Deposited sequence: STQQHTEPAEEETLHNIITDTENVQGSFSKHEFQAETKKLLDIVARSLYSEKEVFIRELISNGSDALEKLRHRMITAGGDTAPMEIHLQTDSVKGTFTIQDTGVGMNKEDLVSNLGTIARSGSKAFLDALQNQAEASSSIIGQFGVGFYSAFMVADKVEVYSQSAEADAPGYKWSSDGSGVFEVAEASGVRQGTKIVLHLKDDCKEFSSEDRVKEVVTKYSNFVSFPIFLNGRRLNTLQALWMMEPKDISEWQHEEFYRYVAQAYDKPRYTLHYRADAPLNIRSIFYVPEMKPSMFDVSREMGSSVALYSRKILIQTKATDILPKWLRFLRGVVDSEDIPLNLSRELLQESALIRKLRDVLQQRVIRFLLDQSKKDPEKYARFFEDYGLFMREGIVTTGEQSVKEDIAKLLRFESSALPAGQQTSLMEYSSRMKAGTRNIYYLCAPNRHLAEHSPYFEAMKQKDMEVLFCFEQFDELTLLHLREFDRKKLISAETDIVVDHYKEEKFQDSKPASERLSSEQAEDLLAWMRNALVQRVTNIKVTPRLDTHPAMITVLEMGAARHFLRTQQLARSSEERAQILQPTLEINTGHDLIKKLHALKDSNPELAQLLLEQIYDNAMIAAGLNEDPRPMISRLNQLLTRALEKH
């Protein structure tokens, strides 16, 4: 019944030949040009990153061999010639740099630069180059590429030129300004990148926080500081509100701001915002956008946060729009979860009222978090954020699991999840002679998934007599909608329900209790004989009023006409 053909049957004879791995350069160029990036526009990102790196090298170079010039990135679109041009005033390239760096796929001069640096250096974390392929993204959109380059050394200017097809040319040129100018002659299906507004869209999308001024057709673009890199000390609330509206594409204010920077266990520069209004985070690296919707760095229940996470250390996929499977990323996610939880807890103690209102707006996310995480200490960490009412506190007052333990030789935390307080207080099960009252949606699924908190089990609780019994018997046969009617102040009756789950389901089998001492019931009894219509109308009205007061009839519209008929025929004797 098993069919396997794999056996140790092979034996090498003769001798082995040795061979070095090779690489077909033309196919690699084609792969970068058509198969690497999900969108053509990304060539702009790559070229701008290169310009940034160039300027960064010059800044590094001016620390000792000091001297000169402005540090800028300039873009120019020519819609008539169909050209895109980028020029940086950076370190430039001599002929060996052009031949070696531009001419060799996967050779990165910026990688070699970074590897030679003292790790403490600024340039160590600002250089956005590793792979040695970004430049070839230009052939994604261009039939021809020309590069004019003038190195900062004292060296002629050069023109490098190619059509992307396995060969390029190098000649000497005048007069190249120090730095590098790249002219892309766009393909017919890419002329959109000779349009100014299109280019500006792309620049703001990926490179809006590049550390150097970016000019387009003589006008400056990137006026935004990357606030997540700066000392939390130096950010106004105004900086944060403007930055939040930009990064969240919003128009309100952040109600909470967490500016989290850490160097251990990994490099983290981030800002998280909780919006003011009632209901993602972008991933960056070295100030360049990776994902506008970071996918695996936060847990799914923290998707209500807005803002930015940047890490120098995150291993990037070759396309720079994905991350690589890594234990580092799961560690980062766990770290950020702990950090956000600690932040939220401390908010809840620094301002309990603001936190109450935060939890009323966003608690569904923490209920979901508790329900979905597998680790019990994480469930309890999140569960510290929950609020409830309690049998031992007035209505409206919020309390926590910690305070419930605080008011306990007692071993267990008893709870009752119900649509509202009236049904909870009249629960048969609320026969406890403290009970958490959990009125919020999905509360009971949350508490069941949580199981225990701080080692204590969360446990669910789950005038007369003439015709008291003919009055009541008449009512039993006239509303056969309730299963019992029994006799028990200001109200003539109330609706009571045995198990809260049934009421929950109904809102998506009740007991009626009557007060034989108040006037409308004595007169329901008195008009069971005298006037049967009026007694039926009054009966249905008392039932409906008890349903409303119990909170299980929130749209009384079906009753209104009947009520009017009751009223009209009750006032007919006036």
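- Unmodelled regions of the deposited sequence, numbered from residue 1: 1-12, 81, 168, 294-304, 434-435, 461-465, 495-516, 535, 544-546, 567-581.
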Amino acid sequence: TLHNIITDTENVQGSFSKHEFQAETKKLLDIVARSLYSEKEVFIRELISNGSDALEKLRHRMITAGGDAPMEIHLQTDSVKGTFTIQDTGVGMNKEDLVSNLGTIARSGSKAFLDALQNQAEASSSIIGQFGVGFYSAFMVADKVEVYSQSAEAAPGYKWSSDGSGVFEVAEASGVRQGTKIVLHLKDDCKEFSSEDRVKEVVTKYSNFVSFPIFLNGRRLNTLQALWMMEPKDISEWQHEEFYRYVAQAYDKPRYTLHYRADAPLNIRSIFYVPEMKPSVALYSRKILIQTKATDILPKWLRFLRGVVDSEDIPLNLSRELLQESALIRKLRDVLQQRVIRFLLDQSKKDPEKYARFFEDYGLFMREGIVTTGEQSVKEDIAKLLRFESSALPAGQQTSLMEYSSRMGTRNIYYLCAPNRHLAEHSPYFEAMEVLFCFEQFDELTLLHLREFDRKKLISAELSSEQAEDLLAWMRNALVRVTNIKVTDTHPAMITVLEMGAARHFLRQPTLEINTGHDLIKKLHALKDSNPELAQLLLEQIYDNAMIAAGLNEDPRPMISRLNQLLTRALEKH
From here on, numbers count along this sequence of modelled residues.
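Here the rigid core means the biggest group of C-alpha atoms that line up within 1.5 Å when the two forms are laid on top of each other.
- Superposing on the core and measuring CA offsets in 6 other deposited structures of this protein, the stretch of 525-533 and 55-63 with the greater mean deviation is 525-533.
- When the other structures are laid on the shown form by the core, the C-alphas of 315-323 and 376-384 differ in how far they drift in 6 other deposited structures of this protein; the larger average drift belongs to 376-384.
- In the comparison with other entries of the same protein, residue 294 is left without coordinates in at least one third of those covering both sides of it.
- Checked against the other entries of this protein, residue 247 counts as resolved in every one of those spanning it, not missing from a third of them.
- If you average the C-alpha B-factors over 441-449 and over 77-85, the higher value belongs to 441-449.
- When the two stretches 499-507 and 322-330 are set side by side, the higher mean Cα temperature factor goes to 499-507.
- Sorting 348, 280, 391, 149 by the CA temperature factor given in the entry leaves 391 at the top.
- The entry assigns its greatest Cα B factor, within the set 533, 53, 544, 41, to 533.
- When the CA B factors of the chain's modelled residues are split into thirds, the value for residue 213 lands in the lowest one.
- The PDB entry assigns residue 58 a C-alpha temperature factor belonging to the lowest third of its chain's modelled residues.
- Looking at the C-alpha B-factors along this chain, the one for residue 49 belongs to the lowest third.
- Ranked by Cα temperature factor within the chain, residue 427 sits in the highest third according to the deposited record.
- Ranked against the other modelled residues of its chain, the C-alpha B-factor of residue 465 as given in the entry falls in the highest third.
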